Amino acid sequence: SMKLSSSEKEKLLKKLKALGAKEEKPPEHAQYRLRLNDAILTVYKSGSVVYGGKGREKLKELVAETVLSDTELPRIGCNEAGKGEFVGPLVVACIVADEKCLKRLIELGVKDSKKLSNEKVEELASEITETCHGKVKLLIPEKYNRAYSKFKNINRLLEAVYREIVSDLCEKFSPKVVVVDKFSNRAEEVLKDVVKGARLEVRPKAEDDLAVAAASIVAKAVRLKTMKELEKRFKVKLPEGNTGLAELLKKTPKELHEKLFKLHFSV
């Protein structure tokens, strides 16, 4: 389920009441629950909005209208995966959302990839990339390790990667807003001068933004796909996160380390 902002929750509630919806007793941690005919809408205090009952089409459209009314388009959301994992690639993804893309993300109930299973992520990423334009920078470990040699700091590397993608996408698409996770204290500073006239937002919990969340899903799916390829390529079994790393280091032939791991890590 997607996450509504504070203003959207309030505007959605008013809108649904204004066309007759009946308030019902909300479940634990929910803000409100409305019935419209036989369709149920539940909005959690977190902002997550959940459809229930039957004939959910009218509810879905009303939510879409609400989110569309206060979301400036076109916009870009930016996110990375594989940053803190010793094994496998670093992936930076940016998604450009126009109206058709935004409506799609809403329909899909898109949210932060951290809250999604692997199968859900792969499924959603293909739905996303079928509708939205975007750009992905993939750094498999062999490439990552070379890039890291020049930067000697992951934030500096991330800055360079984001700066290039965002600059190119802004020149091409000229969005009204650019939103990105605060991945370093210097990220705003680096991105400020490549976004042209767009409003730039660098902030924590950036995945509350639909386009940022869509980007987290794409970046994560690219990582998962690459992890599988690395496994078949080097005939090795790999953990998606940081588990069993000391043993994995010993098990893995030394000449494959630069091809599988982020060597600068101390694990």
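In this text, residue numbers run from 1 along the sequence as written.
Of the two stretches examined, 142-150 and 85-93, the record assigns the greater average C-alpha temperature factor to 142-150. Between the stretches 59-67 and 33-41, it is 33-41 that shows the larger average CA temperature factor. Each of 225, 233, 54, 199 has a CA temperature factor in the record; the biggest one is found at 54. Across 136, 121, 170, 128, the greatest Cα temperature factor reported in the deposited entry is at 170. Residue 209: CA B factor lies in the lowest third for its chain, per the PDB record. In the PDB entry, a CA B factor belonging to the highest third of its chain's modelled residues is recorded for residue 203.
Sort the chain's modelled residues by C-alpha temperature factor and residue 239 lands in the middle third, per the entry. Among the modelled residues of its chain, residue 258 has a C-alpha B-factor that falls in the middle third, as given in the PDB entry. Residue 100: CA B factor lies in the middle third for its chain, per the PDB record.
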